[PDB]
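In the form deposited in one PDB entry, a lone chain appears below as structure tokens.
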């Protein structure tokens, strides 16, 4: 923008408006260079970064606004060309497959079944000049558009494999189809020029092969995955617009405009309404407020902001107005950095080498060195006359018999349903797995998740629940435990703090313990709360003081061994988890803790059992991290980590060889979620976390990570199969094709009983869905 703002003109279709805009911009000095893209109805404005800005230039653009339209100008980007392109590619591959069918299914409805049945068999076998029957001409005409139009893909793929590669799937399809087709043409032309030469055409296999490979290509796209990721959600985290200030301070007087955030630049001033998305990162000038910063820490403690510190963009304040001088803009904001990190991570995810290419790398050489040896068989057996003369068919020479057997090897050896081995599972895991509670956003995720050997874990939200709860509780003030929490909640009426919610929830749990929620409370009379202190109120004529040492010594409540028994470890010091909660008098304490990890303990234990290690890269306090990791069983406890560092840890563990996996919930995890080989997002986390992962965990349960890994292992089993079941049918038809049986049984190649191995091959590729082991 500030370097090169792209101004795609809106409502402009005539070059005269573009020229007027160009003249107005040339009348303005400060622009380093204007790249005049007259063809395209856009103008490029190149100038120095970190100076002035769009505003005046955009106003100059607007000044030419005359009928019939208003002359807006801004870089336009494809809004949903991703989903449109996904749908169009799926539809295009489907259309190619169906078009291939609507000529191949003809060839196979013809000379596979209809010749067997009359009267159609009579018409097909009704002869034309010499022995060429009209069936052969019809099939030659019908299969030709397939092989020579629909199959340009295969020919160009083979020619691009050439020598730069060794042999891909395309060359294998090329050999199969072309050998069958040209041998069929040979057969037909010879039957035309001969008088007794019989022999069916192999036109069926050539056309029918194209259908299956296209089916594989179609299933490739469908099973590739949902429309990429949609980074955009990060950009939506920042507000699209804000309010300029220019108010009070000497010259700054009144100017409460509503300029969009993009046009806001360096050395600007903004207003920040109480409770709204902070436009960009900056340094506050005046005002006291707390900000729900979840872009670095990822935790929901309202952090203090006094005039002088730096506020991070894409954040939400609560306590009043905050007046900010604008720091780094554009590509230097925290959200910006997140965007580049996630884009780089996603754009560097190289696709896995399909084993079909690996198989075809060796298999294609094998077929050629097998057909040639088959030819180097029967042929040399003809020169020395080992095989009896009567074996040769009518009107054929020893060379032709060798060719019949040699070309037969090529046709049968083609594996047909090899493309339908990875995508033919349509990733059934994307399926049964969804029922289990795992939604795989692709197939690459499933492919890479089996080899996971290490897995990182966010604490807040992922390992721990995240919303504080009062769990490890005790007694205290000189009123009953039930009355303790009753008066506490009474004080918590006007209070709407996270710890207030936790106190209310613990109160509900004890009301369950103490029968039910008999009667109720009254409002926070004399809402006396002091800074830091806690929650104080005169509820029911009782001046309660739920809080810390300041509020205890406010009424002079002695500090004793329970302010030394309920934090630090988690329950070893000040009398709740890390904090307040003692009410009025002391006999014990509470524990406003993050509600542990219902099953994550056994989850981590099971993960360690299968050899997968475990890491905890959080962003919260070292002290909190210590206790949680100690209790669950995690090893290394790298904490106080920013999103960039979270990505760095993943990259480091990748460098040492292990294939790692990120499990996260927040926007913090996104750089690490994308960077990891297979990112797992908790379905109760931020929407952009769901966005950036490869696997999303709907049912919030860390045990679903175990389920995902198991479902990824059980789909590499049964993907090594369905390669075995794909190749094997052709491999154990190659000897039959070569004619090994022929000396010992006298049975030649059946045009049907060995050309329709793809029916056996494809149908043999079935995938089972019976999983989950907790």
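Numbering follows the first chain given and starts at 1. Superpose the two forms; the largest set of C-alphas matching within 1.5 Å is the rigid core.
Here the subject shifts to the form deposited in another entry, a form of this protein not shown in this document.
- For the residue set 173, 418, 143, 604, core-aligned C-alpha shifts between the shown form and the other one reach 2 angstroms or more at a single site, 173.
- When the rigid core is held fixed, the Cα atom of residue 390 travels less than 2 angstroms between the shown form and the other one.
- Core-superposed comparison between the shown form and the other one: the C-alpha position of residue 539 differs by no less than 2 Å.
- Remark: with the core as the superposition reference, the CA shift of residue 92 between the shown form and the other one stays below 2 Å.
- In the other entry, the CA atoms of residue 118 and residue 130 sit farther apart than in the displayed form, by at least 3 angstroms.
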